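Listing of input09.tsv, TSV, C-alpha atoms and all ligand atoms
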chain	number	residue	atom	x	y	z
A	40	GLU	CA	-20.12	-15.11	-1.61
A	41	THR	CA	-22.25	-14.61	-4.77
A	42	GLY	CA	-20.34	-12.58	-7.39
A	43	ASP	CA	-16.89	-13.45	-5.97
A	44	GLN	CA	-14.47	-15.20	-8.33
A	45	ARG	CA	-11.78	-17.75	-7.53
A	46	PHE	CA	-8.56	-18.11	-9.56
A	47	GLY	CA	-6.30	-20.78	-8.06
A	48	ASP	CA	-5.83	-19.89	-4.35
A	49	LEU	CA	-7.15	-16.34	-4.81
A	50	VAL	CA	-10.63	-14.79	-4.40
A	51	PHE	CA	-11.60	-11.47	-6.09
A	52	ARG	CA	-14.63	-9.30	-5.28
A	53	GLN	CA	-15.61	-6.33	-7.43
A	54	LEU	CA	-16.21	-3.34	-5.14
A	55	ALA	CA	-16.85	-0.73	-7.87
A	56	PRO	CA	-16.69	-0.57	-11.66
A	57	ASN	CA	-12.87	-0.22	-11.71
A	58	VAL	CA	-11.96	-1.56	-8.23
A	59	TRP	CA	-11.60	-5.20	-7.07
A	60	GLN	CA	-10.43	-6.66	-3.74
A	61	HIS	CA	-7.89	-9.48	-3.90
A	62	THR	CA	-7.84	-11.96	-1.01
A	63	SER	CA	-5.08	-14.50	-0.34
A	64	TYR	CA	-4.83	-17.11	2.46
A	65	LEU	CA	-1.88	-18.40	4.47
A	66	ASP	CA	-2.29	-21.40	6.86
A	71	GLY	CA	-6.14	-21.64	10.50
A	72	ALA	CA	-6.29	-20.13	6.95
A	73	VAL	CA	-5.68	-16.36	7.41
A	74	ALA	CA	-7.08	-13.95	4.84
A	75	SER	CA	-5.31	-10.86	3.64
A	76	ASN	CA	-6.90	-8.32	1.27
A	77	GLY	CA	-5.44	-5.84	-1.22
A	78	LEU	CA	-6.81	-3.84	-4.16
A	79	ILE	CA	-6.80	-3.84	-7.97
A	80	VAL	CA	-7.65	-0.54	-9.69
A	81	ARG	CA	-8.37	-0.12	-13.45
A	82	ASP	CA	-7.15	3.40	-14.39
A	83	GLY	CA	-8.08	3.91	-18.03
A	84	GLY	CA	-5.83	1.65	-20.07
A	85	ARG	CA	-3.76	0.22	-17.22
A	86	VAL	CA	-4.01	-1.52	-13.82
A	87	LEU	CA	-2.64	-0.51	-10.45
A	88	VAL	CA	-2.22	-2.93	-7.53
A	89	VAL	CA	-2.21	-2.26	-3.80
A	90	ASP	CA	-0.33	-4.91	-1.74
A	91	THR	CA	0.97	-8.29	-2.79
A	92	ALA	CA	-0.45	-11.62	-1.61
A	93	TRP	CA	1.26	-13.64	1.13
A	94	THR	CA	3.55	-15.41	-1.33
A	95	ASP	CA	5.15	-15.06	-4.77
A	96	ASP	CA	2.93	-17.85	-6.26
A	97	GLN	CA	-0.22	-16.16	-4.89
A	98	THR	CA	0.90	-12.82	-6.31
A	99	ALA	CA	1.48	-14.34	-9.76
A	100	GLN	CA	-2.09	-15.69	-9.52
A	101	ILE	CA	-3.31	-12.09	-9.03
A	102	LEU	CA	-1.41	-11.06	-12.18
A	103	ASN	CA	-2.82	-13.94	-14.23
A	104	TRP	CA	-6.39	-13.19	-13.04
A	105	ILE	CA	-5.86	-9.54	-14.11
A	106	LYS	CA	-4.66	-10.59	-17.55
A	107	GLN	CA	-7.61	-12.97	-18.01
A	108	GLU	CA	-10.44	-10.80	-16.63
A	109	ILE	CA	-9.16	-7.23	-17.25
A	110	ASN	CA	-6.52	-7.74	-19.99
A	111	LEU	CA	-4.70	-4.41	-19.35
A	112	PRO	CA	-1.07	-3.95	-18.37
A	113	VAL	CA	-0.23	-3.62	-14.68
A	114	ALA	CA	1.70	-0.34	-14.49
A	115	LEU	CA	2.70	-0.32	-10.86
A	116	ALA	CA	2.07	-1.59	-7.37
A	117	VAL	CA	2.09	0.19	-4.03
A	118	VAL	CA	2.74	-2.04	-0.91
A	119	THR	CA	1.54	-0.80	2.48
A	120	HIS	CA	4.17	-2.06	4.95
A	121	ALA	CA	7.07	-4.48	5.32
A	122	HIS	CA	5.26	-7.62	6.55
A	123	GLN	CA	4.54	-10.87	4.62
A	124	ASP	CA	0.85	-10.26	3.91
A	125	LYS	CA	1.68	-6.96	2.10
A	126	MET	CA	5.16	-7.57	0.58
A	127	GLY	CA	5.56	-11.37	0.52
A	128	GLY	CA	5.09	-11.37	-3.27
A	129	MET	CA	7.63	-8.68	-4.27
A	130	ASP	CA	9.76	-11.08	-6.30
A	131	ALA	CA	6.69	-12.00	-8.38
A	132	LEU	CA	5.94	-8.33	-9.09
A	133	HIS	CA	9.58	-7.77	-10.10
A	134	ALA	CA	9.66	-10.95	-12.28
A	135	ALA	CA	6.54	-9.67	-14.11
A	136	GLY	CA	8.08	-6.28	-14.76
A	137	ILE	CA	5.74	-4.32	-12.45
A	138	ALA	CA	7.27	-1.09	-10.97
A	139	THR	CA	7.02	-1.31	-7.15
A	140	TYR	CA	6.60	1.52	-4.60
A	141	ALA	CA	6.66	1.42	-0.81
A	142	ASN	CA	7.30	3.85	1.98
A	143	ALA	CA	11.06	4.49	2.18
A	144	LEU	CA	10.87	3.29	5.80
A	145	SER	CA	9.26	0.00	4.56
A	146	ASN	CA	12.24	-0.38	2.15
A	147	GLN	CA	14.67	0.28	5.01
A	148	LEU	CA	13.00	-2.20	7.38
A	149	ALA	CA	12.44	-4.79	4.62
A	150	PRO	CA	15.68	-6.85	5.07
A	151	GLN	CA	15.11	-6.87	8.88
A	152	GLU	CA	11.53	-8.07	8.30
A	153	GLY	CA	12.51	-10.75	5.75
A	154	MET	CA	10.93	-8.87	2.82
A	155	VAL	CA	12.30	-7.84	-0.55
A	156	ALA	CA	12.44	-4.03	-0.89
A	157	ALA	CA	10.43	-2.22	-3.53
A	158	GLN	CA	12.21	-0.59	-6.43
A	159	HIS	CA	11.09	2.93	-5.42
A	160	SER	CA	10.65	4.86	-2.14
A	161	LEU	CA	7.74	7.08	-1.29
A	162	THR	CA	8.37	9.92	1.19
A	163	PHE	CA	5.84	11.95	3.16
A	164	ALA	CA	5.29	15.46	4.41
A	165	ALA	CA	4.68	16.33	8.08
A	166	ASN	CA	0.90	16.18	7.26
A	167	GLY	CA	1.14	12.57	6.01
A	168	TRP	CA	0.61	13.23	2.30
A	169	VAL	CA	3.03	11.65	-0.11
A	170	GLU	CA	5.60	13.97	-1.67
A	171	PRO	CA	4.25	13.96	-5.26
A	172	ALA	CA	7.56	13.60	-7.07
A	173	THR	CA	8.09	10.19	-5.32
A	174	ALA	CA	4.74	9.01	-6.63
A	175	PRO	CA	4.88	9.60	-10.39
A	176	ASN	CA	1.77	8.93	-12.51
A	177	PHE	CA	-0.21	7.34	-9.67
A	178	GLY	CA	-3.52	8.24	-11.34
A	179	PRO	CA	-6.32	8.01	-8.76
A	180	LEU	CA	-4.15	6.52	-5.97
A	181	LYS	CA	-3.69	8.98	-3.19
A	182	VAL	CA	-1.11	7.83	-0.68
A	183	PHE	CA	-1.21	8.91	2.95
A	184	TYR	CA	1.09	8.02	5.83
A	185	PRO	CA	-1.11	8.33	8.94
A	186	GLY	CA	1.67	7.89	11.51
A	187	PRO	CA	2.86	4.81	13.36
A	188	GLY	CA	0.22	2.27	14.39
A	189	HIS	CA	0.12	-1.39	13.25
A	190	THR	CA	3.78	-0.66	12.35
A	191	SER	CA	5.93	2.45	12.10
A	192	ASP	CA	5.88	2.22	8.29
A	193	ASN	CA	2.19	1.60	7.61
A	194	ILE	CA	0.71	3.59	4.71
A	195	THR	CA	-2.85	4.00	3.43
A	196	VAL	CA	-4.41	4.68	0.00
A	197	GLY	CA	-7.49	6.54	-1.23
A	198	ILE	CA	-8.95	5.84	-4.68
A	199	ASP	CA	-9.90	9.22	-6.04
A	200	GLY	CA	-13.23	9.20	-8.00
A	201	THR	CA	-14.64	6.54	-5.71
A	202	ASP	CA	-15.99	6.08	-2.21
A	203	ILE	CA	-13.10	3.73	-1.35
A	204	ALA	CA	-10.18	4.13	1.10
A	205	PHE	CA	-7.75	1.32	2.08
A	206	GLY	CA	-6.38	1.21	5.63
A	207	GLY	CA	-4.44	-2.04	5.21
A	208	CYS	CA	-3.56	-3.66	8.53
A	209	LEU	CA	-3.93	-0.38	10.51
A	210	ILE	CA	-7.76	-0.59	10.41
A	211	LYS	CA	-9.71	-3.23	11.81
A	212	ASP	CA	-13.53	-3.95	11.38
A	213	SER	CA	-16.20	-2.37	13.56
A	214	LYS	CA	-17.10	-5.63	15.42
A	215	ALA	CA	-13.47	-6.43	16.14
A	216	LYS	CA	-12.33	-7.50	19.55
A	217	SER	CA	-8.58	-6.70	19.17
A	218	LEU	CA	-6.14	-4.82	17.02
A	219	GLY	CA	-4.68	-8.11	15.86
A	220	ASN	CA	-0.91	-8.42	15.55
A	221	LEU	CA	0.66	-5.75	17.86
A	222	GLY	CA	4.18	-7.18	17.89
A	223	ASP	CA	5.63	-4.33	15.82
A	224	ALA	CA	2.94	-1.80	16.78
A	225	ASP	CA	3.19	1.70	18.26
A	226	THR	CA	0.65	1.40	21.05
A	227	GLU	CA	0.97	5.11	22.04
A	228	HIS	CA	0.35	6.67	18.59
A	229	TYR	CA	-1.98	4.03	17.08
A	230	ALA	CA	-5.24	5.82	17.98
A	231	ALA	CA	-4.16	9.11	16.48
A	232	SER	CA	-2.90	7.35	13.37
A	233	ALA	CA	-6.26	5.65	12.80
A	234	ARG	CA	-8.04	8.98	13.25
A	235	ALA	CA	-5.55	10.67	10.83
A	236	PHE	CA	-6.41	8.09	8.18
A	237	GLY	CA	-10.17	8.90	8.55
A	238	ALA	CA	-9.41	12.67	8.30
A	239	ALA	CA	-7.21	12.17	5.17
A	240	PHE	CA	-10.18	10.59	3.31
A	241	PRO	CA	-13.13	12.28	4.99
A	242	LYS	CA	-15.70	11.42	2.33
A	243	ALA	CA	-14.71	7.73	1.82
A	244	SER	CA	-17.68	5.52	2.80
A	245	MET	CA	-16.25	2.08	1.92
A	246	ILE	CA	-13.23	1.27	4.13
A	247	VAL	CA	-11.21	-1.73	2.86
A	248	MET	CA	-8.73	-3.31	5.23
A	249	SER	CA	-6.38	-6.32	5.31
A	250	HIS	CA	-8.19	-8.87	7.57
A	251	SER	CA	-11.94	-8.25	7.26
A	252	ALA	CA	-14.52	-7.59	4.55
A	253	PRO	CA	-15.02	-3.92	3.59
A	254	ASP	CA	-16.82	-1.89	6.22
A	255	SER	CA	-18.21	1.61	6.64
A	256	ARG	CA	-16.36	4.50	8.41
A	257	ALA	CA	-17.36	2.77	11.66
A	258	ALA	CA	-14.21	0.64	11.25
A	259	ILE	CA	-12.04	3.78	11.66
A	260	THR	CA	-13.76	5.12	14.80
A	261	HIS	CA	-14.01	1.58	16.24
A	262	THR	CA	-10.32	0.87	15.59
A	263	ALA	CA	-9.39	4.26	17.19
A	264	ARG	CA	-11.58	3.50	20.27
A	265	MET	CA	-9.83	0.15	20.79
A	266	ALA	CA	-6.44	1.79	20.27
A	267	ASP	CA	-7.23	4.44	22.93
A	268	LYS	CA	-7.06	1.59	25.51
A	269	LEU	CA	-3.43	0.76	24.65
A	270	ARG	CA	-1.93	4.19	25.47
B	1	LIG	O1	1.34	-7.81	11.12
B	1	LIG	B1	0.67	-8.50	9.76
B	1	LIG	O2	1.25	-7.72	8.40
B	1	LIG	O3	-0.99	-8.35	9.82
B	1	LIG	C1	1.08	-10.11	9.69
B	1	LIG	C2	0.26	-11.23	10.14
B	1	LIG	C3	1.05	-12.61	9.88
B	1	LIG	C4	0.69	-14.08	10.15
B	1	LIG	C5	1.66	-15.19	9.79
B	1	LIG	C6	1.30	-16.65	10.06
B	1	LIG	BR1	-0.10	-16.87	9.75
B	1	LIG	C7	3.00	-14.84	9.17
B	1	LIG	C8	3.34	-13.39	8.91
B	1	LIG	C9	2.34	-12.26	9.28
B	1	LIG	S1	2.41	-10.71	9.13
B	2	CA	CA	10.34	-14.20	-2.53
B	3	CA	CA	9.03	-7.71	13.06
B	4	CA	CA	5.63	9.55	23.97
B	5	ZN	ZN	1.76	-6.13	9.47
B	6	ZN	ZN	-1.91	-7.87	8.14
Translate this file's structure into structure tokens.
Ligand SMILES: O[B-](O)(O)c1cc2cc(CBr)ccc2s1
Ligand SMILES: [Ca+2]
Ligand SMILES: [Ca+2]
Ligand SMILES: [Ca+2]
Ligand SMILES: [Zn+2]
Ligand SMILES: [Zn+2]
Amino acid sequence: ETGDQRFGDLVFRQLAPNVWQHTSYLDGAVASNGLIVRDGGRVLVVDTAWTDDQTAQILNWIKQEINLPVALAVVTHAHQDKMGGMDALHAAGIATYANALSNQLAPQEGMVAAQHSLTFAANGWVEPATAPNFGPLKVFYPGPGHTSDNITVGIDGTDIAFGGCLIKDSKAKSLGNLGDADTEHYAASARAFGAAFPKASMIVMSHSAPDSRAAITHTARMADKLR
């Protein structure tokens, strides 16, 4: 697409003045998207790429095009598209945060655990002391859906919310990989994510281009048929 930039195996698309989407491919060639946020004098990353080499490519692109230190990364669940690059984040000295449940499931899912655990209230909001100096990232656990551990992130100051692999696009035909999914609670979880970030108009997700809020309602409608 016009305006996109390629660095090695990675493609970046600016979504807002201080937000970019990172896309990595794993062989057909499957795309996974995460986010890069410029918060003042530092950078925040949401999700790794599929692999350590791909994740290092994100870090080098950030140094070349943004030239600000990467303070921390939040990863959205314990699967390869979201945490495959944890060793690269650790080698680069980036503090890593995941849901505690993602850190618990990580060895069983073949992932490396993050250095810190985020915990959540009954209402899905992160307990603030487990998310120190997160700037505009607002972390919400919507309930089990794509996986039991899936978390979501709002970028405060923007129109952007990230559903990760929980949300799928509004023309989708399936919910994608349901092997570790909670079929009963998925619809409610997708709706809870839309309610958490009621004013977000750009919904970014792992396996499609950014969509409108129609991705949330469409994903919930498809999920209703699993219960
Ligand atoms: O459930 B999801 O985090 O969306 C994953 C999709 C996927 C695909 C391959 C081969 Br292409 C290997 C690992 C994973 S994980
Ligand atoms: Ca590794
Ligand atoms: Ca599994
Ligand atoms: Ca039940
Ligand atoms: Zn997954
Ligand atoms: Zn995924």
Surrounding residues of residue 110 (chain A) excluding itself and chain neighbours under 6 positions, 10 Å, all atoms listed in the file, as a list in words: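 So, after excluding close chain neighbours, the residues are residues 84, 85, 86, 102, 103 and 104 of chain A.
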Cut-off 12 Å: closest chain A/ligand LIG 1 (chain B) atom pairs per residue, using only C-alpha atoms and all ligand atoms, as a tab-separated table:
residue	atom	partner	partner_atom	distance
A:63	CA	B:LIG1	BR1	11.5
A:64	CA	B:LIG1	BR1	8.7
A:65	CA	B:LIG1	BR1	5.8
A:66	CA	B:LIG1	BR1	5.8
A:71	CA	B:LIG1	BR1	7.7
A:72	CA	B:LIG1	BR1	7.5
A:73	CA	B:LIG1	BR1	6.1
A:74	CA	B:LIG1	BR1	9.0
A:75	CA	B:LIG1	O3	7.9
A:76	CA	B:LIG1	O3	10.4
A:77	CA	B:LIG1	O2	11.9
A:90	CA	B:LIG1	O2	10.6
A:91	CA	B:LIG1	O2	11.2
A:92	CA	B:LIG1	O2	10.9
A:93	CA	B:LIG1	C8	8.1
A:94	CA	B:LIG1	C8	10.4
A:118	CA	B:LIG1	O2	11.0
A:119	CA	B:LIG1	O2	9.1
A:120	CA	B:LIG1	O2	7.2
A:121	CA	B:LIG1	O2	7.3
A:122	CA	B:LIG1	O2	4.4
A:123	CA	B:LIG1	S1	5.0
A:124	CA	B:LIG1	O2	5.2
A:125	CA	B:LIG1	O2	6.4
A:126	CA	B:LIG1	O2	8.7
A:127	CA	B:LIG1	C8	8.9
A:145	CA	B:LIG1	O2	11.8
A:152	CA	B:LIG1	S1	9.5
A:153	CA	B:LIG1	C8	10.1
A:154	CA	B:LIG1	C8	10.7
A:188	CA	B:LIG1	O1	10.7
A:189	CA	B:LIG1	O1	6.9
A:190	CA	B:LIG1	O1	7.7
A:191	CA	B:LIG1	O1	11.3
A:192	CA	B:LIG1	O2	11.0
A:193	CA	B:LIG1	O2	9.4
A:194	CA	B:LIG1	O2	11.9
A:206	CA	B:LIG1	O3	11.7
A:207	CA	B:LIG1	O3	8.5
A:208	CA	B:LIG1	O3	5.5
A:209	CA	B:LIG1	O3	8.5
A:210	CA	B:LIG1	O3	10.3
A:211	CA	B:LIG1	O3	10.3
A:218	CA	B:LIG1	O3	9.5
A:219	CA	B:LIG1	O3	7.1
A:220	CA	B:LIG1	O1	5.0
A:221	CA	B:LIG1	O1	7.1
A:222	CA	B:LIG1	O1	7.4
A:223	CA	B:LIG1	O1	7.3
A:224	CA	B:LIG1	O1	8.4
A:248	CA	B:LIG1	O3	10.3
A:249	CA	B:LIG1	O3	7.3
A:250	CA	B:LIG1	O3	7.6
A:251	CA	B:LIG1	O3	11.2
Å distance separating CA of residue 255 (chain A) from CA of residue 239 (chain A), one decimal place: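 Answer for the CA of residue 255 (chain A) to CA of residue 239 (chain A) separation: 15.3 Å.
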Contacts of residue 134 (chain A) within 10 Å, all atoms listed in the file, excl. fewer than 4 positions in-chain, as a count of residues only: 4
Shell around residue 246 (chain A) at 9 Å using all atoms listed in the file, local window under 4 positions removed, as a ChimeraX atom specification: /A:202-206,210,212,252-259
Surrounding residues as a list in words, ligand CA 4 (chain B), max 12 Å, all atoms listed in the file: residues 187, 225, 226, 227, 228, 229 and 270 of chain A
Distance of CA of residue 108 (chain A) from CA of residue 132 (chain A), expressed in Å to one decimal place: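 A separation of 18.2 Å between them.
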10 Å contact set for residue 201 (chain A), all atoms listed in the file, chain neighbours under 5 positions out, as a ChimeraX atom specification: /A:55-58,179,242-245
Would you mind completing region 240-266 of chain A so that it carries N, CA and C atoms, and writing it out as a PDB file, in the frame of the given file?
ATOM      1  N   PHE A 240      -9.186  11.019   4.321  1.00  0.00           N
ATOM      2  CA  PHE A 240     -10.180  10.590   3.310  1.00  0.00           C
ATOM      3  C   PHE A 240     -11.552  10.746   3.942  1.00  0.00           C
ATOM      4  N   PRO A 241     -11.952  11.999   4.189  1.00  0.00           N
ATOM      5  CA  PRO A 241     -13.130  12.280   4.990  1.00  0.00           C
ATOM      6  C   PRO A 241     -14.429  11.843   4.329  1.00  0.00           C
ATOM      7  N   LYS A 242     -14.433  11.758   3.005  1.00  0.00           N
ATOM      8  CA  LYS A 242     -15.700  11.420   2.330  1.00  0.00           C
ATOM      9  C   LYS A 242     -15.749   9.945   1.929  1.00  0.00           C
ATOM     10  N   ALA A 243     -14.701   9.168   2.176  1.00  0.00           N
ATOM     11  CA  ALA A 243     -14.710   7.730   1.820  1.00  0.00           C
ATOM     12  C   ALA A 243     -15.757   6.990   2.658  1.00  0.00           C
ATOM     13  N   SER A 244     -16.637   6.231   2.027  1.00  0.00           N
ATOM     14  CA  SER A 244     -17.680   5.520   2.800  1.00  0.00           C
ATOM     15  C   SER A 244     -17.432   4.003   2.825  1.00  0.00           C
ATOM     16  N   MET A 245     -16.624   3.510   1.903  1.00  0.00           N
ATOM     17  CA  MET A 245     -16.250   2.080   1.920  1.00  0.00           C
ATOM     18  C   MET A 245     -14.799   1.981   2.385  1.00  0.00           C
ATOM     19  N   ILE A 246     -14.590   1.433   3.574  1.00  0.00           N
ATOM     20  CA  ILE A 246     -13.230   1.270   4.130  1.00  0.00           C
ATOM     21  C   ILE A 246     -12.812  -0.193   3.977  1.00  0.00           C
ATOM     22  N   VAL A 247     -11.785  -0.395   3.163  1.00  0.00           N
ATOM     23  CA  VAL A 247     -11.210  -1.730   2.860  1.00  0.00           C
ATOM     24  C   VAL A 247      -9.991  -1.876   3.769  1.00  0.00           C
ATOM     25  N   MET A 248      -9.802  -3.076   4.260  1.00  0.00           N
ATOM     26  CA  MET A 248      -8.730  -3.310   5.230  1.00  0.00           C
ATOM     27  C   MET A 248      -8.176  -4.734   5.017  1.00  0.00           C
ATOM     28  N   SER A 249      -7.039  -5.024   5.619  1.00  0.00           N
ATOM     29  CA  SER A 249      -6.380  -6.320   5.310  1.00  0.00           C
ATOM     30  C   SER A 249      -7.100  -7.585   5.782  1.00  0.00           C
ATOM     31  N   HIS A 250      -7.728  -7.580   6.969  1.00  0.00           N
ATOM     32  CA  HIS A 250      -8.190  -8.870   7.570  1.00  0.00           C
ATOM     33  C   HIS A 250      -9.689  -8.986   7.798  1.00  0.00           C
ATOM     34  N   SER A 251     -10.471  -8.121   7.200  1.00  0.00           N
ATOM     35  CA  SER A 251     -11.940  -8.250   7.260  1.00  0.00           C
ATOM     36  C   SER A 251     -12.495  -7.804   5.925  1.00  0.00           C
ATOM     37  N   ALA A 252     -13.783  -8.063   5.732  1.00  0.00           N
ATOM     38  CA  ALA A 252     -14.520  -7.590   4.550  1.00  0.00           C
ATOM     39  C   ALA A 252     -14.629  -6.060   4.628  1.00  0.00           C
ATOM     40  N   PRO A 253     -14.893  -5.375   3.523  1.00  0.00           N
ATOM     41  CA  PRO A 253     -15.020  -3.920   3.590  1.00  0.00           C
ATOM     42  C   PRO A 253     -16.139  -3.513   4.559  1.00  0.00           C
ATOM     43  N   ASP A 254     -15.877  -2.418   5.208  1.00  0.00           N
ATOM     44  CA  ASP A 254     -16.820  -1.890   6.220  1.00  0.00           C
ATOM     45  C   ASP A 254     -17.085  -0.415   5.904  1.00  0.00           C
ATOM     46  N   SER A 255     -17.914   0.173   6.728  1.00  0.00           N
ATOM     47  CA  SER A 255     -18.210   1.610   6.640  1.00  0.00           C
ATOM     48  C   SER A 255     -17.121   2.365   7.435  1.00  0.00           C
ATOM     49  N   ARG A 256     -17.279   3.667   7.619  1.00  0.00           N
ATOM     50  CA  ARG A 256     -16.360   4.500   8.410  1.00  0.00           C
ATOM     51  C   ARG A 256     -16.376   4.061   9.878  1.00  0.00           C
ATOM     52  N   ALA A 257     -17.345   3.244  10.262  1.00  0.00           N
ATOM     53  CA  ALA A 257     -17.360   2.770  11.660  1.00  0.00           C
ATOM     54  C   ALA A 257     -16.086   1.974  11.979  1.00  0.00           C
ATOM     55  N   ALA A 258     -15.468   1.364  10.976  1.00  0.00           N
ATOM     56  CA  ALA A 258     -14.210   0.640  11.250  1.00  0.00           C
ATOM     57  C   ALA A 258     -13.116   1.606  11.751  1.00  0.00           C
ATOM     58  N   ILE A 259     -13.102   2.830  11.257  1.00  0.00           N
ATOM     59  CA  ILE A 259     -12.040   3.780  11.660  1.00  0.00           C
ATOM     60  C   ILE A 259     -12.223   4.207  13.124  1.00  0.00           C
ATOM     61  N   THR A 260     -13.420   4.684  13.432  1.00  0.00           N
ATOM     62  CA  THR A 260     -13.760   5.120  14.800  1.00  0.00           C
ATOM     63  C   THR A 260     -13.674   3.947  15.779  1.00  0.00           C
ATOM     64  N   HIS A 261     -14.091   2.753  15.338  1.00  0.00           N
ATOM     65  CA  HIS A 261     -14.010   1.580  16.240  1.00  0.00           C
ATOM     66  C   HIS A 261     -12.551   1.178  16.510  1.00  0.00           C
ATOM     67  N   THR A 262     -11.766   1.126  15.439  1.00  0.00           N
ATOM     68  CA  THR A 262     -10.320   0.870  15.590  1.00  0.00           C
ATOM     69  C   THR A 262      -9.672   1.944  16.499  1.00  0.00           C
ATOM     70  N   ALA A 263      -9.975   3.222  16.312  1.00  0.00           N
ATOM     71  CA  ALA A 263      -9.390   4.260  17.190  1.00  0.00           C
ATOM     72  C   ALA A 263      -9.807   4.073  18.659  1.00  0.00           C
ATOM     73  N   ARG A 264     -11.061   3.654  18.872  1.00  0.00           N
ATOM     74  CA  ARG A 264     -11.580   3.500  20.270  1.00  0.00           C
ATOM     75  C   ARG A 264     -10.820   2.364  20.964  1.00  0.00           C
ATOM     76  N   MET A 265     -10.591   1.291  20.244  1.00  0.00           N
ATOM     77  CA  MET A 265      -9.830   0.150  20.790  1.00  0.00           C
ATOM     78  C   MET A 265      -8.392   0.554  21.047  1.00  0.00           C
ATOM     79  N   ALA A 266      -7.837   1.307  20.122  1.00  0.00           N
ATOM     80  CA  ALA A 266      -6.440   1.790  20.270  1.00  0.00           C
ATOM     81  C   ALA A 266      -6.265   2.767  21.452  1.00  0.00           C
TER      82      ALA A 266
END
